[PDB]
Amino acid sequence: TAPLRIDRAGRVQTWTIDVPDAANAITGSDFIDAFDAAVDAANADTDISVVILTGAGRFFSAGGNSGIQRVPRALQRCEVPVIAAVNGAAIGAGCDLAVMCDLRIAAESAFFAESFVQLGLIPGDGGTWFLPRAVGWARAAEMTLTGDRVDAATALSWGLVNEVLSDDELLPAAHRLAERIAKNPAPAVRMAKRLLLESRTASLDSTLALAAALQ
């Protein structure tokens, strides 16, 4: 079946990871190709202001077993905000994918595992850059050096996710969050995200020059 289902509802698109023979792994070339295409199509449709990314079934993404860097690079050029609605296990590359999204919310049955170290590996997809910016450096160290699972309540406590919902309330909550963004003029939403992206790395002077030019 199609590894990434794309549903549109107004100014919001929902992307559903659907790799049922591999627990929603994102390392297959079909999925990577579909993810590239989804980003480019969302960028090109200026009516779209929010993407909700979630997984079909019990898993968000078991991750799977540079090519593994195409999905992270696709997200970096995505102009619209991306909300990860983490419905279940987010493991390995699947954990890093959720952490690379702009906002995370989770079902109570979700959990995260920066599992690479347990396999003799490091996060080859850039997860070590994004994780300390979601939970702080000490918690990112705990997650990366033990590889252990973090359940939904702990994730909320650490700021890894913004809210925790019952399994039935997760997607309704993601759409409510998406609509609080989508009510605003689409070009401004995209300009705001571009400015926020700049602020992660650039100096204050660079941000001031960009903000003055964009306004």
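Residue numbers here begin at 1 and follow the sequence given.
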For the neighbouring pair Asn65 and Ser66, the stretch of deposited sequence with no coordinates amounts to 10 or more
Can you tell me which stretch has the higher mean Cα B-factor, 68-76 or 110-118? 68-76
Which of the two stretches, 187-195 or 16-24, shows the higher mean Cα temperature factor in the record? 16-24
From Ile52, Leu170, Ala182, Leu160, the top C-alpha temperature factor is at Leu170
Relative C-alpha B-factor of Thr146, binned into the chain's lowest, middle or highest third: lowest
State the tercile, meaning the lowest, middle or highest third, of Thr207 with respect to the CA B-factors recorded for its chain. lowest
Tell me, lowest, middle or highest third: where does the Cα B factor of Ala37 rank within its chain? highest
Cα B factor band for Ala178 (lowest, middle or highest third within the chain): lowest
